[PDB]
Amino acid sequence: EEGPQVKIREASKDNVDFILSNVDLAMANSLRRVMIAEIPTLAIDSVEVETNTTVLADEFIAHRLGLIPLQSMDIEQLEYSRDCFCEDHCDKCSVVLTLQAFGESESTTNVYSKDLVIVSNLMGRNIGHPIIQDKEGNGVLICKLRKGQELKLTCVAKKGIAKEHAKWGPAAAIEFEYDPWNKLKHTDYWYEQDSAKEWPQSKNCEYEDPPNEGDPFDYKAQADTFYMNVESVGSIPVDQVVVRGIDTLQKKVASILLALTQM
Amino acid sequence: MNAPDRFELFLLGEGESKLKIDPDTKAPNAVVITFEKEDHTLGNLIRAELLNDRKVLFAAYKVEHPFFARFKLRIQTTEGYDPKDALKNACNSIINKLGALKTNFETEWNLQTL
Amino acid sequence: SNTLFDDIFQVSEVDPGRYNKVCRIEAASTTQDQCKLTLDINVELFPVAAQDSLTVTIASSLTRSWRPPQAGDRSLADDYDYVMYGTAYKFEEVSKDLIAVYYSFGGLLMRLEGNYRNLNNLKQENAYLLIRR
Amino acid sequence: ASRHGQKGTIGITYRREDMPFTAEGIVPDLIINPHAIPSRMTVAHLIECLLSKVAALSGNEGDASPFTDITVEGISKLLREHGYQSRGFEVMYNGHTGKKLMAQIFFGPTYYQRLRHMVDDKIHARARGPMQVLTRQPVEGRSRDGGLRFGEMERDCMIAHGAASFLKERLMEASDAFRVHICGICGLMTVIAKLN
Amino acid sequence: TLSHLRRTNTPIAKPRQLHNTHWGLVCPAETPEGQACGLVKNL
Amino acid sequence: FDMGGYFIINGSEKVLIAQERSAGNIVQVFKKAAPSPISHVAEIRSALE
Amino acid sequence: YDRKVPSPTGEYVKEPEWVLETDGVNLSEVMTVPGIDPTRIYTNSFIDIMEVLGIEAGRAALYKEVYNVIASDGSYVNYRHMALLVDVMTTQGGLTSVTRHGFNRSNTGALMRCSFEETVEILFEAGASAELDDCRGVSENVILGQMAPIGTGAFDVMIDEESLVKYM
Amino acid sequence: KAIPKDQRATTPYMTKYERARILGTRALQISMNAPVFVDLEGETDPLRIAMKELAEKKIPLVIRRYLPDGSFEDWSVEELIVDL
Amino acid sequence: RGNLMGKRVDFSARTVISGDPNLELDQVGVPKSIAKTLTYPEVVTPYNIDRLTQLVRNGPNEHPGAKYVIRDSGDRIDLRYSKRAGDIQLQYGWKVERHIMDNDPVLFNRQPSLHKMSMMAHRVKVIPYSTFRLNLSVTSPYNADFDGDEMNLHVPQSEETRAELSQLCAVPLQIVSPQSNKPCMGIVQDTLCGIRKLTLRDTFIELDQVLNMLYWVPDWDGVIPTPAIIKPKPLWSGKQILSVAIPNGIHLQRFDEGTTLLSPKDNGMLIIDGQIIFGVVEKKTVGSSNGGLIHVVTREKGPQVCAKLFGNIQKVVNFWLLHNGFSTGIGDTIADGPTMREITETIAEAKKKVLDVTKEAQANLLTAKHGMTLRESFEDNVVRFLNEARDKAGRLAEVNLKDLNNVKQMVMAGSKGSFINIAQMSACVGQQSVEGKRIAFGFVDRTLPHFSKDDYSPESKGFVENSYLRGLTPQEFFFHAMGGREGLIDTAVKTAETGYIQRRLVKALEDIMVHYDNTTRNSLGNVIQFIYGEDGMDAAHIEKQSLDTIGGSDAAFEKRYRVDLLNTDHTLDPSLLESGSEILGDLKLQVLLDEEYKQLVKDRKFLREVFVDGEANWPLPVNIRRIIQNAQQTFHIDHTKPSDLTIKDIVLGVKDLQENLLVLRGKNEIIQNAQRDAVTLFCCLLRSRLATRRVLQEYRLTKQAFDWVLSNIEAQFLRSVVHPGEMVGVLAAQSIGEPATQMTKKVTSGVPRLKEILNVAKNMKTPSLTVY
Amino acid sequence: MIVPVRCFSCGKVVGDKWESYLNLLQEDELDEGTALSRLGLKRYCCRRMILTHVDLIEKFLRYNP
Amino acid sequence: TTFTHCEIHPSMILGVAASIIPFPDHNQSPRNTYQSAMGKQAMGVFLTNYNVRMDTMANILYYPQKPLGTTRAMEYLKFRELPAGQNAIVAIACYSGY
RNA sequence: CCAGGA
Ligand SMILES: [Mg+2]
Ligand SMILES: [Zn+2]
Ligand SMILES: [Zn+2]
Ligand SMILES: [Zn+2]
């Protein structure tokens with residue numbers, strides 16, 4: 001087609017395995033960094049506690065509520081409250097979640113991310129839905145109550161990035177490898193007898209030609225072709241972790257061009 | 001307690017420009033751009049692209065201390081060529097490269113049935 | 001601005017004692033019997049085995065900062081295969097009309113033993129080392 | 001600290017992107033210095049790790065019990081069965097550039113303990129504050145907003161430096177300093193100074 | 001809490017050293033550093 | 001999981017620490033040092049149970 | 001023991017010797033023994049060296065001894081430091097110890113002396129015998145809240161109206 | 001008793017302590033709005049002013065150098081060599 | 001003692017310390033909260049008035065703000081509560097008690113404080129987070145680490161006090177210490193480890209990284225050095241790009257075992273004009289070493305220049321290592337399969353050698369060494385074999401570990417660990433001792449109840465056969481535990497014994513200082529030393545130098561020093577100097593070379609009288625070797641053309657310089673003879689290094705080169721003298737005290753001996769005569 | 001006490017997987033290592049989260065108010 | 001051939017604190033002595049009834065973890081039920097020099 | 001005093 005090229009190896013709701021050729025390592029990495037840190041997500045940010053009869057602390061629970069993944073598909077049409085014009089929050093900038101739970105049962109009563117209810121007007125946008133990947137359809141286990149154990153609270157979810165808090169991290173681990181045969185001599189293999197026998201062969205070795213000993217060292221050789229795997233948490237779909245990552249980095253660069261323009 | 005606010009990493013300070021371009025004294029046709037509320041994510045990316053420019057003689061960036069999200073980038077170009085223009089072109093090249101990367105990923109993704 | 005030494009030597013031995021990417025090479029001039037040479041070479045870049053005939057050149061030129069490309073249009077003063085830049089560090093008077101000069105190419109050491117090049121070699125930061133074949 | 005007398009404080013906290021990473025996408029929670037290990041000879045720390053790495057993958061309790069027939073070779077073999085390099089090394093990539101590290105990092109889980117000593121309960125500063133009644137000198141301890149002790153050994157260093165005026169200040173202006181009226185005949189503090 | 005309920009105090013020849021007779025009765029490692037070193041035994 | 005072994009005095013837990021003493025009623029011979037009129041002593045710290 | 005000695009040819013060469021090592025001291029007697037070098041004989045007991053060879057030798061032995069303690073641990077302290085200590089213990093005419101007995105019992109001022117070991121007793125005697133403190137010691141000036149005659153305070157500073165009116 | 005200028009025998013060079021004390025003293029005086037004997041070439045820190053005054057030997061101070069007996073030699077800052 | 005000699009003080013602050021590779025040597029990271037509390041009282045003056053008014057406006061909560069305003073009237077205005085804290089209009093002479101700000105001088109201290117270097121002046125750097133941050137190379141003087149150490153901060157309140165700190169006790173000034181006349185701060189840990197790695201021949205850097213490594217140097221000229229390899233592919237070496245941190249004029253030479261001018265093993269060191277020619281940089285080069293890159297830099301360029309070099313060397317090295325990486329694993333303790341067989345069989349044979357001496361002793365055939373029990377003699381042998389063994393086994397592994405061994409790598413750079421650590425970890429732990437002897441029979445005739453009685457076997461008396469990698473048997477474990485406990489006991493005790501020794505030394509010496517008569521006196525004016533340390537020199541200004549004259553053959557001396565213008569073979573060749581041809585047979589001139597040689601011979605005998613052993617290397621002021629080196633690069637000395645010197649130029653020039661090496665000034669025989677005395681030794685060195693033959697044949701100096709060398713010896717020598725005011729008393733006490741604090745025929749030695757010595761102990765523990 | 005939502009090292013939600021893991025052990029009799037892997041917990045950072053958890057909450061619930 | 005008794009288990013020579021040290025037979029003697037002092041200052045769940053008791057100061061770890069490397073002796077020490085730490089992913093590396 | 005920290 002044009003410049004750098006992609007070749008997807010495997011896909012799911014949760015994973016994207018692909019090959020990125022005709023790219024600078026610096027670019028591959030900068031994208032990898034952005035996916036981890038700069039993609040916006042919606043996550044619980046304020047927790048007003050009306051009642052808590054639980055064995056857990058108000059803030060212990062509060063902390064967990066932030067780590068619960070929320071639907072951030074249409075996150076782009078929500079404003080950062082900081083940029084919003086209200087007094088604290090509103091609809092244009094937040095999602096209000098409610099959680100009322102009580103131990104009616106003699107048996108232990110469980111509190112799940114499913115038990116969260118949206119109270120704010122969604123403006124008909126795909127946002128704030130607790131992500132349920134759970135087979136039984138419960139989502140994240142927030143708490144356990146016994147008998148008169150009541151938990152009544154209110155959550156304000158806000159747009160944010162992983163730089164502010166890791167709760168707004170839409171990506172789990174991002175796998176990243178290049179040159180499975182150390183052709184580039186980018187690592188000096190620690191060994192005891194044989195580095196080839198001692199160090200396990202990469203999966204990606206199959207997608208590259210072995211060096212063949214009867215050849216001189218390619219110094220001219222440079223790093224292109226990157227075997228990556230992007231894992232999603234739920235907030236954004238796997239593809240959009242890649243796309244939005246590409247786009248964020250693009251926007252980030254545009255700001256610099258624009259800054260120079262104003263100067 | 002002595003902990004700085006987390007947004008200080010990305011949100012520009014009161015009266016604080018993203019870029020501050022100062023000229024290098026020690027070398028002819030060389031400049032020093034300080035990037036506020038930025039990290040390696042952008043620094044190493046720009047530096048590597050300026051390296052691809054033939055008319056660029058010197059390019060390097062450094063995050064002088066990790067407590068602060070800012071980096072100094074030094075650009076030296078051949079006489080007649082402007083380092084601000086060099087930075088402008090590398091910035092553009094990056095965008096155009098990313099634009100193709102997105103297009104190529106999108107096309108390839110749409111082909112998958114999973 | 002011009003050449004300072006030229007001769008073709010033949011490598012007797014190549015030594016990588018613990019060094020993975022560098023080798024001390026022992027050579028002698030095919031022309032002059034009096035002439036010998038000791039030299040550390042990046043063998044990962046330009047490989048050398050024993051009995052190889054190599055043209056070894058000096059030259060004081062072809063100052064200020066260093067520039068990378070444009071060398072496509074620029075006159076590559078290298079009709080040679082491997083080039084180094086280093087400093088002359090000692091002038092050993094090894095008896096008679098015999099002299100020996102020491103060169104350090106950023107740690108990569110060199111010792112040239114001969115006689116004639118009294119009117120050539122100098123104690124200068126400027127000294128290139130060119131090798132072909 | 002680990003369970004091997006290998007104590008320390010946090011020097012910095014780095015986000016995931018700045019951290020070095022395995023090709024597999026794994027990142028450390030903690031980075032400890034190679035310089036600890038040699039002088040200290042805390043071999044069990046290294047073994048704890050190797051065994052804990054196997055344990056984590058195998059889903060079996062790693063027996064780190066004292067006098068046993070478990071060998072570093074035994075555990076090594078088990079780790080190779082899991083796809084990792086037997087001696088616990090893993091190739092890491094630099095977080096800032098993405099470039100492979102020329103070194104391979106000894107990486108794996110290790111049980112770390114959180115100790116009672118936290119910086120914020122320690123940090124203390126004073127600049128004029130409560131004074132004792134008797135001696136009219138700064139009160140004691142962080143608790144009471146006390147001043148620190150410029151003690152005998154500190155006096156000595158100042159005397160060694162030749163910091164005559166810096167010392168006088170520490171002992172006077174910066175603490176104790178008072179004014180009396182004395183008699184010229186019997187050099188006593190007898191004087192009824194009705195200075196007014 | 002456990003190690004506090006197994007603590008031994010020795011008030012006032014070479015008491016601080018780990019004696020052979022301490023085998024199986026007192027811990028060879030659990031002792032303080034400084035002043036009380038080897039005078040505070042742990043069962 | 002609490003294991004007992006302490007007392008409760010005015011609401012704070014208290015642990016008696018075992019005190020180590022020389023067993024009594026024990027015959028022990030010791031060489032009395034170089035500058036001494038007495039060269040050796042047989043001691044018995046006799047006490048009732 | 002191995003001994004470095006100049007050879008006829010000039011160069012210093014290893015010429016080892018037989019040396020005796022005692023388990024006890026009697027200087028006076030072993031010195032007068034035929035077959036030894038009474039010019040070379042050494043004892044670790046510098047108290048003996050002092051008594052037999054004078055205070056000067058007492059100083060040399062005392063340094064030798066101090067030096068050994070440091071160098072045995074594989075440490076280096078510049079001569080002057082050890083020399084000074086050795087000299088201070090010496091000057092009085094004998095072996096003045098770095099103890100409440102030795103130095104602290106000299107003619108230095110009561111306030112300075114009371115700052116170490118015998119405090120109240122030093123001050124009671126000070127009173128009883130009408131002692132006069134020179135106020136030359138560091139210690140007295142510290143007790144007085146005055147700038148001590150130490151480095152920075154070892155001289156005085158004056159304005160000169162002559163030089164002042166010269167610059168304007 | 002005060003040693004005559006023609007009989008002075010202490011160093012013709014300024015001691016580290018002397019220089020530190022002159023700089024301290026001038027800086028203190030400069031800071032207490034004392035008259036400055038030099039062109040402040042934009043200077044504002046009294047120590048950097050003091051350094052400048054000493055650099056041009058325009059400091060009107062004298063060092064009274066006491067001898068263990070009680071006598072002394074007076075030396076002008078203008079006359080003391082500043083090799084420090 | 002508690003309210004007067006020491007005092008609790010205001011303007012003090014304390015917190016947990018942590019390191020920082022990004023702080024400059026002389027600065028200190030100060031937490032914002034600490035800066036917002038500590039205050040400096042600044043007088044309102046035309047110069048600061050506007051600035052001060054702003055900090056006042058800023059107030060007590062904003063960082064660069066203020067807490068109080070002190071009016072002429074004497075009453076204090078609290079900016080926190082005053083209704084007029086806004087509309088506060090300053091007046092010249094008032095005081096603004098403002099926050100501590102970036103670049104304020106502050107006293108930083110780590111207790112105990114058995115050093116003048118335990119309290120040093122740093123530049124403030126207000127930073128976030130609750131810890132005091134310090135540069136890593138400043139760790140050593142304080143004796144700090146970051147395992148939970150806290151440090152003290154004191155703030156001066158006067159312009160005078162500040163000057164005292166900045167001008168006398170600032171960190172750069174403290175680099176070369178008088179304690180041991182060498183640097184007391186050097187390159188450590190990561191930077192030491194990374195420095196070896198960077199400077200190997202193997203180590204080459206690509207353009208990209210070279211540019212970042214260059215930019216990282218804050219004073220970099222902007223000049224990209226020409227790559228050591230220009231095609232195929234431009235490549236720079238570690239040596240090359242490290243040399244950018246090394247300032248111009250810096251000259252260094254060091255020969256390690258087997259160093260040639262071709263340094264095959266990349267041995268020793270050769271830095272010419274602040275550019276590395278050969279050898280790997282490590283502890284000996286860049287550490288707190290006597291010959292050090294630091295020692296030379298402080299001395300040659302200045303304390304402020306050297307302090308910058310620390311930061312520079314670290315900014316490059318740390319950056320490089322950040323990207324190279326460095327680790328350490330169990331694999332680094334693991335030794336070869338056959339090396340382990342070879343180790344096992346080393347212990348095995350030593351185990352028999354021991355049984356053999358045991359069987360020999362049980363059969364009453366053993367013959368005791370004069371002055372020892374038959375048993376004492378036996379135990380000595382056993383203990384000796386078992387150690388010989390532990391070491392052999394160790395040296396086996398040490399050799400079998402490749403250069404890729406991360407432990408070996410740390411040991412090689414000198415960053416951490418020694419031989420024994422490898423040995424004990426990889427091969428064999430070894431014999432365990434308590435009170436010097438092997439584990440004794442605590443139980444009746446046995447070490448443990450798992451043994452038979454009268455068992456003198458290695459296994460019974462505490463020989464730990466196994467490596468730490470292999471693991472210890474319960475018996476080995478308990479014996480190691482006994483032996484281990486012994487060290488913890490002395491660590492514990494020594495701590496207070498050592499402390500009190502320090503106190504007594506200080507209290508006995510306190511009042512001693514150098515007076516304006518170069519005399520060392522106490523508070524009584526009683527002379528202790530006539531001249532400080534018998535030479536009248538400051539210890540910092542001294543360096544180990546070789547007195548050539550001292551050794552060699554009488555013939556070798558002759559060749560080096562003798563000039564005979566009346567002999568065709570022993571004249572100075574006309575190649576040496578211009579006057580060479582006209583100089584032959586000059587009887588008048590020969591009279592001068594006779595004096596010269598006759599003095600050199602005089603000197604030789606004299607030095608042989610002082611240093612009886614013939615030891616040439618002594619600490620003396622003025623590194624003459626370096627002055628010559630500099631003259632040579634400064635003047636671009638042509639080792640071919642003949643000199644423009646006269647014999648009179650050299651001979652008399654030196655004679656004259658000598659008269660200008662002033663320590664004592666008085667105009668009188670006593671003081672003049674005194675001056676001669678103090679200067680004696682230095683002159684023997686001076687005359688040895690500046691004799692005619694030497695200057696011309698060796699140094700090849702021109703007249704201007706020589707004229708310059710002479711002026712520099714003079715200048716340096718004068719700078720080298722002690723400063724009246726120096727509190728040499730305390731200095732000496734602390735210079736003995738501090739080392740005593742680090743202390744672990746058989747004679748009573750170390751801490752308990754020092755105790756014997758200081759106490760003038762009558763009944764000493766090991767009295768002994770040494771009968772020659 | 002109470003299963004961590006998200007693995008500390010990579011942040012893969014681990015909050016849902018608890019009961020499911022405990023079930024694959026009682027009901028399926030399965031060994032810990034297979035159950036973890038069944039649940040898709042592949043990286044050891046994620047594995048250690050569940051494998052080494054101590055659900056103290058269940059004891060805490062045993063007290064009345 | 002004389003053996004009157006046998007050792008139940010040699011690891012029993014150790015006290016409560018040293019019994020949490022993994023492979024103490026592979027450490028230098030004092031490093032073990034150090035751990036049996038530090039673990040006393042390590043945070044964790046001290047008792048399950050923490051929420052019902054009024055004590056001056058109480059430190060409880062949010063998410064305690066049982067150790068991956070354990071001692072057979074810990075079974076009796078209730079350590080896996082009431083832990084003092086968390087299994088951290090640890091790299092032994094030289095990084096930013098921090 | 002008692003308990004602890006470097
Ligand atoms: Mg410490
Ligand atoms: Zn809003
Ligand atoms: Zn009166
Ligand atoms: Zn994970």
# chains A, B, ... in the order shown; residues from 1 in each chain; ligands from 1
>>> residues_around(residues="residue 54 of chain A", least_positions_apart="3", cutoff="8 Å", atoms="only C-alpha atoms (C1' of nucleotides)", output="list in words")
residues 57, 144, 145, 149, 150 and 151 of chain A
>>> write_last_selection(atoms="N, CA and C atoms", output="compact mmCIF listing (two decimals), in the first residue's frame")
# COMPACT_ATOMS: atom_id res chain seq x y z
N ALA A 57 -12.86 -1.25 54.47
CA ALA A 57 -12.84 0.21 54.66
C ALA A 57 -13.48 0.97 53.50
N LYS A 144 -18.25 -8.60 49.85
CA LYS A 144 -19.02 -9.69 50.45
C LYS A 144 -19.67 -9.15 51.73
N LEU A 145 -20.99 -9.39 51.88
CA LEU A 145 -21.77 -8.95 53.04
C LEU A 145 -22.38 -10.15 53.76
N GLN A 149 -25.39 -6.29 56.78
CA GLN A 149 -24.32 -5.61 56.07
C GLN A 149 -24.90 -4.95 54.86
N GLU A 150 -24.89 -3.61 54.90
CA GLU A 150 -25.40 -2.71 53.88
C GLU A 150 -24.24 -1.92 53.28
N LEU A 151 -24.31 -1.68 51.99
CA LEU A 151 -23.35 -0.85 51.29
C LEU A 151 -24.14 0.05 50.35
>>> interface_residues(of="chain I", to="chain C", cutoff="6 Å", atoms="only C-alpha atoms", output="PyMOL selection string")
chain I and resi 202+223-224+226+228-232+237+240+277-278
>>> write_last_selection(atoms="C-alpha atoms", output="tab-separated table (two decimals), in the first residue's frame")
chain	number	residue	atom	x	y	z
I	202	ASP	CA	35.06	-4.44	22.28
I	223	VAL	CA	32.03	19.38	18.51
I	224	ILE	CA	31.21	15.83	17.32
I	226	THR	CA	35.80	12.09	14.59
I	228	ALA	CA	37.60	5.95	15.69
I	229	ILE	CA	36.11	3.91	12.83
I	230	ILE	CA	35.15	5.85	9.64
I	231	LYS	CA	33.76	3.23	7.21
I	232	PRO	CA	32.53	0.50	6.84
I	237	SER	CA	34.54	3.71	21.16
I	240	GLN	CA	36.51	8.07	22.97
I	277	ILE	CA	44.78	6.57	24.89
I	278	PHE	CA	44.61	3.11	26.49
>>> residues_around(residues="residue 16 of chain E", least_positions_apart="2", cutoff="10 Å", atoms="only C-alpha atoms (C1' of nucleotides)", output="number ranges by chain")
E: 10, 13-14, 18-19, 31, 35-41; I: 485-486, 488-489
>>> write_last_selection(atoms="N, CA, C and O atoms", output="PDB file, in the first residue's frame")
ATOM      1  N   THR E  10      18.394 -12.189  79.583  1.00  0.00           N
ATOM      2  CA  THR E  10      19.565 -12.596  80.368  1.00  0.00           C
ATOM      3  C   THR E  10      20.153 -11.312  80.969  1.00  0.00           C
ATOM      4  O   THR E  10      20.716 -10.510  80.221  1.00  0.00           O
ATOM      5  N   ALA E  13      30.600 -16.027  81.775  1.00  0.00           N
ATOM      6  CA  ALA E  13      31.857 -15.625  81.144  1.00  0.00           C
ATOM      7  C   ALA E  13      31.679 -14.902  79.764  1.00  0.00           C
ATOM      8  O   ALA E  13      31.785 -13.675  79.750  1.00  0.00           O
ATOM      9  N   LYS E  14      31.391 -15.626  78.628  1.00  0.00           N
ATOM     10  CA  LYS E  14      31.182 -15.063  77.265  1.00  0.00           C
ATOM     11  C   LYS E  14      29.718 -15.307  76.849  1.00  0.00           C
ATOM     12  O   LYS E  14      29.437 -16.179  76.023  1.00  0.00           O
ATOM     13  N   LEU E  18      26.996 -17.856  70.682  1.00  0.00           N
ATOM     14  CA  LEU E  18      26.088 -18.971  70.476  1.00  0.00           C
ATOM     15  C   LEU E  18      26.836 -20.219  70.966  1.00  0.00           C
ATOM     16  O   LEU E  18      27.868 -20.580  70.383  1.00  0.00           O
ATOM     17  N   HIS E  19      26.365 -20.812  72.085  1.00  0.00           N
ATOM     18  CA  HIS E  19      26.976 -21.997  72.679  1.00  0.00           C
ATOM     19  C   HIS E  19      26.464 -23.251  71.966  1.00  0.00           C
ATOM     20  O   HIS E  19      25.381 -23.233  71.382  1.00  0.00           O
ATOM     21  N   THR E  31      18.414 -12.991  67.264  1.00  0.00           N
ATOM     22  CA  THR E  31      19.052 -12.218  68.334  1.00  0.00           C
ATOM     23  C   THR E  31      19.207 -10.782  67.830  1.00  0.00           C
ATOM     24  O   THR E  31      19.424 -10.574  66.622  1.00  0.00           O
ATOM     25  N   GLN E  35      24.056  -3.767  71.737  1.00  0.00           N
ATOM     26  CA  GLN E  35      23.904  -3.888  73.200  1.00  0.00           C
ATOM     27  C   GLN E  35      23.318  -5.189  73.766  1.00  0.00           C
ATOM     28  O   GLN E  35      23.929  -5.799  74.637  1.00  0.00           O
ATOM     29  N   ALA E  36      22.132  -5.589  73.300  1.00  0.00           N
ATOM     30  CA  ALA E  36      21.443  -6.802  73.740  1.00  0.00           C
ATOM     31  C   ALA E  36      21.800  -8.055  72.912  1.00  0.00           C
ATOM     32  O   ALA E  36      21.281  -9.139  73.205  1.00  0.00           O
ATOM     33  N   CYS E  37      22.666  -7.907  71.878  1.00  0.00           N
ATOM     34  CA  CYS E  37      23.082  -8.995  70.996  1.00  0.00           C
ATOM     35  C   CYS E  37      23.559 -10.206  71.780  1.00  0.00           C
ATOM     36  O   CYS E  37      24.499 -10.081  72.555  1.00  0.00           O
ATOM     37  N   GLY E  38      22.902 -11.348  71.598  1.00  0.00           N
ATOM     38  CA  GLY E  38      23.292 -12.580  72.272  1.00  0.00           C
ATOM     39  C   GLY E  38      22.916 -12.694  73.740  1.00  0.00           C
ATOM     40  O   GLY E  38      23.276 -13.681  74.391  1.00  0.00           O
ATOM     41  N   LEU E  39      22.199 -11.695  74.277  1.00  0.00           N
ATOM     42  CA  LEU E  39      21.685 -11.688  75.662  1.00  0.00           C
ATOM     43  C   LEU E  39      20.140 -11.842  75.619  1.00  0.00           C
ATOM     44  O   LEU E  39      19.496 -12.006  76.658  1.00  0.00           O
ATOM     45  N   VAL E  40      19.560 -11.777  74.404  1.00  0.00           N
ATOM     46  CA  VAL E  40      18.145 -11.946  74.154  1.00  0.00           C
ATOM     47  C   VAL E  40      18.029 -13.150  73.260  1.00  0.00           C
ATOM     48  O   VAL E  40      18.363 -13.113  72.075  1.00  0.00           O
ATOM     49  N   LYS E  41      17.670 -14.258  73.890  1.00  0.00           N
ATOM     50  CA  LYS E  41      17.557 -15.570  73.275  1.00  0.00           C
ATOM     51  C   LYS E  41      16.131 -15.781  72.813  1.00  0.00           C
ATOM     52  O   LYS E  41      15.191 -15.248  73.410  1.00  0.00           O
TER      53      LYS E  41
ATOM     54  N   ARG I 485      27.776 -15.154  64.709  1.00  0.00           N
ATOM     55  CA  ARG I 485      27.401 -14.459  65.930  1.00  0.00           C
ATOM     56  C   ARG I 485      28.599 -13.700  66.506  1.00  0.00           C
ATOM     57  O   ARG I 485      28.411 -12.581  66.968  1.00  0.00           O
ATOM     58  N   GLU I 486      29.828 -14.260  66.425  1.00  0.00           N
ATOM     59  CA  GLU I 486      31.037 -13.599  66.943  1.00  0.00           C
ATOM     60  C   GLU I 486      31.260 -12.179  66.384  1.00  0.00           C
ATOM     61  O   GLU I 486      31.608 -11.260  67.146  1.00  0.00           O
ATOM     62  N   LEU I 488      28.952 -10.207  64.906  1.00  0.00           N
ATOM     63  CA  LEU I 488      27.853  -9.374  65.337  1.00  0.00           C
ATOM     64  C   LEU I 488      28.121  -8.847  66.727  1.00  0.00           C
ATOM     65  O   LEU I 488      27.779  -7.710  67.003  1.00  0.00           O
ATOM     66  N   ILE I 489      28.779  -9.640  67.581  1.00  0.00           N
ATOM     67  CA  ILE I 489      29.114  -9.204  68.930  1.00  0.00           C
ATOM     68  C   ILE I 489      30.146  -8.093  68.877  1.00  0.00           C
ATOM     69  O   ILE I 489      29.926  -7.047  69.488  1.00  0.00           O
TER      70      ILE I 489
END
>>> residues_near_ligand(ligand="ligand 3", cutoff="9 Å", atoms="only C-alpha atoms (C1' of nucleotides) and all ligand atoms", output="list in words")
residues 182, 183, 184, 185, 186, 187, 188, 189, 190 and 191 of chain D
>>> atom_distance(atom1="atom CA of residue 392 of chain I", atom2="atom CA of residue 379 of chain I")
19.9 Å
